[PDB]
Every structure is written in structure tokens, then in C-alpha cells.
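S.K.: Below is the file structure-v6.pdb, which contains PDB, C-alpha atoms.
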MODEL        1
ATOM      1  CA  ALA A   1    -106.906  69.449  29.255  1.00  0.00           C
ATOM      2  CA  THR A   2    -103.723  69.829  31.346  1.00  0.00           C
ATOM      3  CA  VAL A   3    -100.126  68.533  31.140  1.00  0.00           C
ATOM      4  CA  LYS A   4     -98.246  67.041  34.125  1.00  0.00           C
ATOM      5  CA  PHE A   5     -94.438  66.672  34.353  1.00  0.00           C
ATOM      6  CA  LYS A   6     -92.314  64.322  36.489  1.00  0.00           C
ATOM      7  CA  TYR A   7     -89.141  65.543  38.253  1.00  0.00           C
ATOM      8  CA  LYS A   8     -87.612  63.050  40.732  1.00  0.00           C
ATOM      9  CA  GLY A   9     -91.027  61.546  41.609  1.00  0.00           C
ATOM     10  CA  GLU A  10     -92.535  65.069  41.638  1.00  0.00           C
ATOM     11  CA  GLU A  11     -95.527  65.058  39.246  1.00  0.00           C
ATOM     12  CA  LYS A  12     -95.925  68.736  38.292  1.00  0.00           C
ATOM     13  CA  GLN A  13     -99.087  70.305  36.803  1.00  0.00           C
ATOM     14  CA  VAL A  14     -99.689  73.284  34.470  1.00  0.00           C
ATOM     15  CA  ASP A  15    -102.922  74.241  32.646  1.00  0.00           C
ATOM     16  CA  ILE A  16    -102.602  74.278  28.829  1.00  0.00           C
ATOM     17  CA  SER A  17    -103.700  77.949  28.922  1.00  0.00           C
ATOM     18  CA  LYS A  18    -101.015  78.824  31.504  1.00  0.00           C
ATOM     19  CA  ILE A  19     -98.353  77.445  29.120  1.00  0.00           C
ATOM     20  CA  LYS A  20     -96.961  79.792  26.441  1.00  0.00           C
ATOM     21  CA  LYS A  21     -94.714  78.074  23.862  1.00  0.00           C
ATOM     22  CA  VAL A  22     -94.002  74.352  23.307  1.00  0.00           C
ATOM     23  CA  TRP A  23     -91.311  72.704  21.141  1.00  0.00           C
ATOM     24  CA  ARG A  24     -90.123  69.071  21.272  1.00  0.00           C
ATOM     25  CA  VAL A  25     -86.301  68.861  21.111  1.00  0.00           C
ATOM     26  CA  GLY A  26     -84.890  65.536  19.847  1.00  0.00           C
ATOM     27  CA  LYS A  27     -87.082  63.055  21.770  1.00  0.00           C
ATOM     28  CA  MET A  28     -87.965  64.879  25.021  1.00  0.00           C
ATOM     29  CA  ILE A  29     -90.330  67.891  25.121  1.00  0.00           C
ATOM     30  CA  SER A  30     -89.844  71.381  26.634  1.00  0.00           C
ATOM     31  CA  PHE A  31     -91.966  74.548  27.012  1.00  0.00           C
ATOM     32  CA  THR A  32     -92.310  77.824  28.943  1.00  0.00           C
ATOM     33  CA  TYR A  33     -95.105  78.236  31.527  1.00  0.00           C
ATOM     34  CA  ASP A  34     -95.718  81.440  33.530  1.00  0.00           C
ATOM     35  CA  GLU A  35     -95.191  80.559  37.218  1.00  0.00           C
ATOM     36  CA  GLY A  36     -96.766  83.825  38.444  1.00  0.00           C
ATOM     37  CA  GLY A  37     -93.949  86.172  39.545  1.00  0.00           C
ATOM     38  CA  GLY A  38     -92.079  87.680  36.565  1.00  0.00           C
ATOM     39  CA  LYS A  39     -89.444  85.128  35.475  1.00  0.00           C
ATOM     40  CA  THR A  40     -90.666  82.582  32.890  1.00  0.00           C
ATOM     41  CA  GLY A  41     -90.709  79.117  34.524  1.00  0.00           C
ATOM     42  CA  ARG A  42     -89.215  76.869  31.815  1.00  0.00           C
ATOM     43  CA  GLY A  43     -89.836  73.101  32.104  1.00  0.00           C
ATOM     44  CA  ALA A  44     -88.604  69.900  30.405  1.00  0.00           C
ATOM     45  CA  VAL A  45     -91.282  67.163  30.446  1.00  0.00           C
ATOM     46  CA  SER A  46     -90.776  63.717  28.841  1.00  0.00           C
ATOM     47  CA  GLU A  47     -92.662  62.405  25.775  1.00  0.00           C
ATOM     48  CA  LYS A  48     -94.431  59.598  27.687  1.00  0.00           C
ATOM     49  CA  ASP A  49     -95.337  61.947  30.569  1.00  0.00           C
ATOM     50  CA  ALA A  50     -96.898  64.436  28.112  1.00  0.00           C
ATOM     51  CA  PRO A  51    -100.611  63.777  27.346  1.00  0.00           C
ATOM     52  CA  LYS A  52    -101.838  62.966  23.813  1.00  0.00           C
ATOM     53  CA  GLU A  53    -103.360  66.418  23.115  1.00  0.00           C
ATOM     54  CA  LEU A  54    -100.035  68.241  23.674  1.00  0.00           C
ATOM     55  CA  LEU A  55     -98.176  67.674  20.370  1.00  0.00           C
ATOM     56  CA  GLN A  56    -101.317  69.314  18.848  1.00  0.00           C
ATOM     57  CA  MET A  57     -99.809  72.815  19.315  1.00  0.00           C
ATOM     58  CA  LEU A  58     -96.548  71.672  17.657  1.00  0.00           C
ATOM     59  CA  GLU A  59     -98.610  70.780  14.562  1.00  0.00           C
ATOM     60  CA  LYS A  60    -101.255  73.526  14.858  1.00  0.00           C
ATOM     61  CA  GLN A  61    -101.164  75.676  11.695  1.00  0.00           C
ATOM     62  CA  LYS A  62    -103.689  78.483  11.062  1.00  0.00           C
TER      63      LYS A  62
ENDMDL
END
Please go through the file and, once you have read it, give me the structure as C-alpha cells.
M.R.:
Amino acid sequence: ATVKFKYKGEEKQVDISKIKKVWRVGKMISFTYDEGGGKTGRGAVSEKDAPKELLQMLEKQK
């Protein structure tokens, strides 16, 4: 599965494996995906824009 964001009509895309951490703050949702250079590319996607299999990691306990 993959998650897509939405910044000013700019639907972004990042593989779930490319992502690193994910934590929903208040109502929106944020995370840290590795762009591919050296600086972590943080991102703030919305709750409706996030798929349904994304909160899974937030409630994934081993």
C-alpha cells in the first residue's frame, strides 16, 4: 500500500516502506519519509487524505 498527501493541489506519494515514523497530532497526521539525499523529508498529510491502512502503524504493538 502507499500513502498520498495533498499540498496546494499537489498530491504527493511515498511508499509505506520509504516512510520511517508516523504519529497523528491532534486531528491531522504527520510523519518522516526519506527523500533520498541526507535530510529527512518531514510531511504533514491530512486524516482524510491518509489511506485506511495508515493508522495501523500508530496502533501496531509487538
S.K.: Show me, as a VMD selection string, the residues that have an atom within 10 Å of residue A:4 when counting only C-alpha atoms, minus same-chain residues fewer than 3 positions from it.
M.R.: chain A and resid 10 to 16 45 to 46 49 to 51
S.K.: The residues within 12 Å of (-94.7, 81.8, 32.5), using all atoms listed in the file and the coordinates of the file, should be reported as a ChimeraX atom specification; which are they?
M.R.: /A:14-22,31-43
S.K.: Using the chain letters and numbers from the file, give me the residues hit by the PyMOL selection byres ((chain A and resi 47) around 12), as a list in words.
M.R.: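 Against this file, the PyMOL selection byres ((chain A and resi 47) around 12) returns the residues residues 3, 4, 5, 6, 23, 24, 25, 26, 27, 28, 29, 30, 44, 45, 46, 48, 49, 50, 51, 52, 53, 54 and 55 of chain A.
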